[PDB]
Amino acid sequence: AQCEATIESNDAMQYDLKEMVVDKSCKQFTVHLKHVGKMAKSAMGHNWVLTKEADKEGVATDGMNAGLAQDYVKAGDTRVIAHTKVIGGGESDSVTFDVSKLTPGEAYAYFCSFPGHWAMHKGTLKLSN
Ligand SMILES: [Cu+2]
């Protein structure tokens with residue numbers, strides 16, 4: 001929605017958008033994550049983490065090991081292009097990142113690194129015009 005997108009997660013490990021396209025006129029892009037469920041963040045919190053499709057399992061494992069105070073993302077993790085905070089039901093969070101961190105054509109993985117969620121709660125991001 002110009003250089004912005006909103007994506008929702010509910011009380012299942014699902015994003016409502018499975019693919020996001022960043023328009024090639026965008027220098028910055030903003031993701032608004034909303035958790036439209038009603039469950040607590042220690043029970044079913046969710047975040048949105050963007051990495052190259054390669055770095056997903058590695059970031060997810062180190063992310064799980066980082067703990068909730070770190071929003072389940074390793075601090076200063078060089079492989080993380082952008083990430084939101086972990087939010088609970090009824091909350092939302094946004095993150096804006098620079099599109100020149102993305103190579104054209106190339107597919108990126110966005111996923112949730114809350115414990116146990118990475119393999120299910122995931123999607124694809126690509127740059128296109
Ligand atoms: Cu999740």
Side-chain angles (χ1 to χ4, degrees):
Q2 66 88 272
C3 301
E4 278 173 39
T6 308
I7 189 167
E8 304 185 337
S9 49
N10 63 358
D11 285 333
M13 299 178 180
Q14 301 158 344
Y15 288 118
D16 69 331
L17 301 181
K18 297 84 191 177
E19 193 170 6
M20 280 173 60
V21 179
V22 175
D23 191 83
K24 277 185 177 183
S25 60
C26 298
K27 186 62 192 177
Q28 306 173 270
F29 194 81
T30 308
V31 180
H32 302 286
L33 174 65
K34 299 164 69 206
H35 184 321
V36 297
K38 65 174 179 292
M39 281 201 283
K41 133 167 72 287
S42 40
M44 179 63 71
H46 296 293
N47 59 2
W48 174 93
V49 187
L50 183 72
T51 60
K52 304 186 299 148
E53 226 143 59
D55 302 334
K56 182 186 175 191
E57 246 175 285
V59 166
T61 303
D62 292 352
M64 184 171 113
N65 299 352
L68 180 62
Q70 292 302 151
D71 299 302
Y72 288 113
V73 179
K74 185 168 69 186
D77 193 329
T78 44
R79 303 168 286 180
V80 175
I81 297 174
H83 77 88
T84 65
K85 289 186 181 68
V86 172
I87 53 174
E91 291 163 25
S92 64
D93 190 45
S94 298
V95 65
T96 296
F97 54 96
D98 180 18
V99 179
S100 11
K101 289 189 167 177
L102 313 176
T103 299
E106 225 212 285
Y108 294 87
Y110 56 81
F111 58 97
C112 172
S113 53
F114 189 84
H117 293 210
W118 71 276
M120 308 318 279
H121 199 189
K122 82 294 168 176
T124 304
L125 179 136
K126 40 178 270 70
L127 187 51
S128 188
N129 50 53

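Quick note: residue numbers are just sequence positions, from 1.
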Within a radius of less than 6.0 Å around [atom1] of [X], do more than 12 heavy atoms belonging to other residues, nucleotides or ligands occur?
X	atom1	answer
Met39	CE	yes
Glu57	CD	no
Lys24	NZ	yes
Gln28	CD	no

I'd like to know if the side chain of [X] and the backbone of [Y] have a donor-acceptor N/O pair within less than 3.5 Å.
X	Y	answer
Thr84	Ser94	no
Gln70	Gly67	no
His32	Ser92	no
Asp11	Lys38	yes
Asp71	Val73	no

Which residue, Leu33, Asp93, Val95, forms the side chain to side chain contact (heavy atoms under 4.5 Å, CB included) with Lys85?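 The single option meeting the side chain to side chain contact (heavy atoms under 4.5 Å, CB included) with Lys85 is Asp93.
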
Within a strict 4.5 Å, meaning less than it, do heavy atoms of the [X] and [Y] side chains meet?
X	Y	value
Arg79	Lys74	yes
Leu125	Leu102	yes
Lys56	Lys122	yes
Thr96	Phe29	no
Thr103	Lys52	no
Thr6	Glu4	no

Report yes if the distance between the aromatic ring centroids of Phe111 and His121 is under 6.0 Å, otherwise no.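 For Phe111 and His121, the ring centres are not under 6.0 Å apart.
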
If two hydrophobic side chains count as joined below 4.5 Å and joins carry through other members, does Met44 share a cluster with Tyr72?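 No: no chain of side-chain contacts under 4.5 Å links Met44 to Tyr72.
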
How are the rings of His46 and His35 set to each other: parallel, tilted or perpendicular (split at 30° and 60°)?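 Rings of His46 and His35: tilted, as their planes differ by 30° to 60°.
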
Taking all heavy atoms of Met64 and all of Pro115, pick out the closest pair and write down the distance.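 That would be CG-CG, 3.8 Å.
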
For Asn47 and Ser113, does a side-chain donor sit closer than 3.5 Å to a side-chain acceptor?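 Side-chain D/A pair, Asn47 to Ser113: present.
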
Using the ring of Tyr108 (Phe, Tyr or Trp, six-membered ring only), decide whether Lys126 places NZ or CZ under 6.0 Å from its centre and within 45 degrees of its axis.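 No, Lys126 and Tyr108 do not form such a contact.
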
